[PDB]
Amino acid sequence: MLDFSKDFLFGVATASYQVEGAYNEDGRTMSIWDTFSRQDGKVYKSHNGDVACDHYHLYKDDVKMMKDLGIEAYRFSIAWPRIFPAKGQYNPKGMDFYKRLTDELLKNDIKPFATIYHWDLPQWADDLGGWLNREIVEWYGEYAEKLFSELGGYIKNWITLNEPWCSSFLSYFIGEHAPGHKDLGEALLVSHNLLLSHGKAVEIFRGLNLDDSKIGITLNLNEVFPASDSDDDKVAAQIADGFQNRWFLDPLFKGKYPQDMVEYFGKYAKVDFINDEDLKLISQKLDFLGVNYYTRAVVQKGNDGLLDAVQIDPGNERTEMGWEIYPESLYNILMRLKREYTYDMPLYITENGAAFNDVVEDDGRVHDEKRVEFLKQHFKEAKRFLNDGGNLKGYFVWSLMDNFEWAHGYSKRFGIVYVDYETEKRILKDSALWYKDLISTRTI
C-alpha cells in the first residue's frame, strides 16, 4: 500500500564547509579548504565559505523549513576545526553548536546522520603532513572518540568519511580539491591512510558499545560502460571501474585491494603501504554503506598512458556539471553491491541530486522542472530496487539548499531550496514541493 514504508527515511544532505559560514567564529580555525580557496586559480572567482548559506546562525529557520517539508532525516557533517582548532585543544563552544543543532533536529522529529569527515581537515593537521602522515590515524581517532562521547546521546547514525576517492585521487593526483597535489604515489598512500583512519574510528566505536547506534562510510560510485565490445575498451572500462569503485569497495568489504589495480598502479608508483594488519583494521564490519550516486561513464581506450581513457559522450541529456542523466545505474549499482560486496547489509543513498540553471522568476518561484523529473526518475529506480528485494533504508537528496560547490564556488546550484546569497533568503523550488508530496503520500 506504500511504495516506501513508514520506516523508510526520506532525507536531505549538506556538509559543514559548504553551508555553515561563521568561519572565524567561536574558536574555529582554518581548514585546508579555507586555505585552498584563497590560492589564486583554485576556486571559481575566488569564492570561499566564509559566509556560504550562513547556516551556523540560521539553523533554527532551516530546521523549521525541513519540518514543514516533512523531512525525516538530515545528513550533515561536523567541522573538525571547530572541535579541535589546535592539536589536542578541545573547543567546547564548537561542540555546543552541534548540540544545539541536533537538539533542534530531534525536537522536530528529524533523525540526525552525522558525517565525521567531509573534507575540512584542520590546517594545523595538514601543516604536520595531513593524510600523508600516518600519525593522522591517531588524531582522527581522538576527534571521533570525542564526538562519540559528547554527542552519543544526540546522534545514533555515524558516517566516518565522505567520498575518500575525492580526498585522495581528486585532492592529491588530479589536484582539483584541497590540498591540490599532483602525485599518484601520494594519492595512493592517502587513500590507505584514510581507510586506516576509518578503521580506527570503527574500532573505537565498537569499544564504546553505544545503545542503538550505527556506523558506516559513504562512497561515491558510478557504473562504467565500454564504448564498444573491443578488448581494448573492455580493459579501459576495467581500469576505470577499479579506479573509481573497486579500489575502495575491495579493501573495505573483501580485506584486499583489487590485485589488477595494485599491479597497474605499481608500474607507475609505489604500493608498499599494503600489509595484512592494516587491511584487517580497514575491513572491520560496518552497520551500513552510504552510496553517493550521480552518473555513469562510457569509456574508450586511450593511448596507454596513465589513467587516460577517453570520455565518450553518448548523446543524452546532461546536467550543468556535464553529467549524463542515467537513472538506471542507480539500480545497477545498488544491485551490484547486493550481489558482489554488501549482500544483505543495509544501504542508504547518502547523496543523489543534480545541478541545473535555476532562476527565480517574476512570480517569486523557481520552476526547476528538470530537477523534478531527475528526482522522480531516480526515486522510481530506488522503488524498483526495493521491490526486487534490496535492503534500502533511506535516501538523502543532495542538497537541502544551494551551497558552496567546492572548486566551482557558488556557480553550481544543487538545492531543492534556492538561496539568494545577498539576502540569505530561502526560496522553495518546485522540486522541494514535489519532494514534500512524495514524503506525505509515499507514492511515486
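Numbering starts at 1 and runs along the sequence shown.
Engineer: On average, are the C-alpha B-factors higher in 135-143 or in 71-79?
Structural biologist: It is 135-143.
Engineer: Averaging C-alpha B-factors over each stretch, which comes out higher, 411-419 or 37-45?
Structural biologist: The entry gives the higher C-alpha B-factor average to 37-45.
Engineer: Among 104, 120, 96, 250, single out the one with the highest C-alpha B factor in the record, please.
Structural biologist: Checking the PDB record, the top C-alpha B-factor among 104, 120, 96, 250 is at 96.
Engineer: Out of 152, 242, 179, 112, which shows the largest CA B-factor listed in the entry?
Structural biologist: Answer, based on the entry's C-alpha B-factors: 152.
Engineer: Going by what the PDB entry lists, where does residue 403 fall on CA B-factor within its chain: lowest, middle or highest third?
Structural biologist: Residue 403: CA B-factor falls in the lowest third of its chain.
Engineer: Report the third (lowest, middle or highest) to which the CA temperature factor of residue 394 belongs, ranking only the modelled residues of the same chain.
Structural biologist: Answer is lowest: the recorded C-alpha B-factor places it there.
Engineer: Sort the modelled residues of this chain by their C-alpha B factor and say whether residue 336 lands in the lowest, middle or highest third.
Structural biologist: Lowest third, going by the recorded CA B-factors of the chain.
Engineer: Thinking about Cα B factors across the chain, which third does residue 370 belong to?
Structural biologist: Residue 370: CA B-factor falls in the lowest third of its chain.
Engineer: Relative to the other modelled residues in the chain, which third contains the C-alpha temperature factor of residue 280: lowest, middle or highest?
Structural biologist: CA B-factor rank for residue 280: highest third.
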